[PDB]
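Trainee: Build me a model from this:
(one chain, ligands or ions: 1)
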Amino acid sequence: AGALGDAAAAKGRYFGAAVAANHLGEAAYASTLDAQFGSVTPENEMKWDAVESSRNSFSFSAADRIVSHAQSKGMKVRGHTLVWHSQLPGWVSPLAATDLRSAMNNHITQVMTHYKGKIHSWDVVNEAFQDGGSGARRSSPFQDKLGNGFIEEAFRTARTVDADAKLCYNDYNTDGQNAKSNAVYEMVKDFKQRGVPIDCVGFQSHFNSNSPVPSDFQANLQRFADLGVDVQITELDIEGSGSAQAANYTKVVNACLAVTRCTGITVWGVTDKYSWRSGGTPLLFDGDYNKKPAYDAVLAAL
Ligand SMILES: [Mg+2]
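Mentor: Numbering: from 1, shown residues only. Sure, structure below:
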């Protein structure tokens, strides 16, 4: 579906966008989405606090609006995200280990159940590693109380619920080979060696002046692909403007299309207007939904 989505599909990939339910009724937002993209990711609507703010009480309406729209347009859906340290409801962190484990598996199971057979890929675990040089696990209720094994447990639970979804580990600042991506690499290699059910590694790819597109972006994607997983660019945006921004997008698209198991790219929003990094004007469409030089470069590269 869509101009970018169909261009990508011709070479066996998808092209998606992060979507917000609260903008779906806006004519130009919906028109741009439907004209351009072949996959969607709910920006906020499937996060823990959005779907289970009260324990064992699930609120799917907002995410259902995005999924229903996608299905009506023949678009793929990425589920985002099941287990994540960030933006948890207040009551998750005080739970003792045994009850946290139960609550985590219950959350995975009921969320995946509601969307069974409708989800192309799940971000099962998100952002489990620290930034910087340590390669260490990030502190979280899951890491602190369940230990290193919580990631494997989450993937095992996920696999029992919906065998048809690709199960992804997702993270940022993992674009080049560095201490952080090395820690993820070690984990995924170990998972694949032992037959842990992981199908994919997501690379958020939030690029800016301090975190530029690295010279080894392609080689890094390739080494992950070579472990026997798909790689997905999940949250792509690139701060800047004009030819410099366009050339950065070319670099990224070229790298994905050069890696046979890079199965798709999702940009983190439809329009600059609603970007989480709006002052960096980092997307393919401006505030009036007009195609930017960045868009032209992406389309020409596909
Ligand atoms: Mg072409």
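Trainee: Identify the residues contacting the residue nearest to residue 14 when sequence neighbours are not counted.
Mentor: For residue 14, ignoring the flanking residues on the chain, the nearest one in space by CB to CB, 6 or more residues apart in numbering is residue 264 at 3.8 Å. Where C-beta positions appear, they are placed from N, C-alpha and C, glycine not excepted. Residue 264 sits next to 8, 13, 14, 15, 16, 39, 232, 233, 256 when contact means CB atoms under 8 Å, 6 or more residues apart in numbering.
Trainee: Which helix or strand contains residue 248?
Mentor: According to DSSP states H and E, residue 248 maps onto helix 242-257.
Trainee: List the buried residues in that helix.
Mentor: 245, 246, 248, 249, 250, 251, 252, 253, 255, 256, 257 (16 or more other CB atoms under 10 Å).
Trainee: Quick one: list the elements packing against it.
Mentor: In this structure, helix 242-257 packs against helix 217-225, strand 230-238, strand 262-267, helix 293-301, with contacts taken as 3 or more CB pairs under 8 Å, 6 or more residues apart in numbering; DSSP states H and E.
Trainee: want to throw the contacts of residue 264 into JSON lines with distance to residue 181?
Mentor: Output for these, formatted as JSON lines (distance: CB to CB, whole Å):
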{"residue": "8", "distance to residue 181": "24"}
{"residue": "13", "distance to residue 181": "22"}
{"residue": "14", "distance to residue 181": "23"}
{"residue": "15", "distance to residue 181": "24"}
{"residue": "16", "distance to residue 181": "22"}
{"residue": "39", "distance to residue 181": "24"}
{"residue": "232", "distance to residue 181": "15"}
{"residue": "233", "distance to residue 181": "14"}
{"residue": "256", "distance to residue 181": "16"}
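Trainee: which of those residues sit farthest apart?
Mentor: 39 and 256 (13.6 Å; CB to CB).
Trainee: For the protein, list the residue farthest from the centre, please.
Mentor: The centre of the chain is farthest from one residue, residue 96, which by CA atoms, centre = their mean lies 29.2 Å away.
Trainee: now the helices for the protein?
Mentor: Counting by DSSP state H, the chain has helices at residues 3-9, 27-36, 48-51, 61-73, 97-114, 141, 150-161, 179-194, 217-225, 242-257, 293-301.
Trainee: Any chance of the ones you listed in CSV with distance to residue 283 as columns?
Mentor: Below are the helices of the chain laid out as CSV (distance: least, CB to CB, whole Å):
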stretch, distance to residue 283
helix 3-9, 12
helix 27-36, 11
helix 48-51, 22
helix 61-73, 18
helix 97-114, 28
helix 141, 33
helix 150-161, 30
helix 179-194, 24
helix 217-225, 19
helix 242-257, 10
helix 293-301, 7
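Trainee: picking that back up, tell me who's in contact with the residue farthest from the centre of the chain.
Mentor: So residue 96 contacts residue 145 (CB under 8 Å, 6+ apart).
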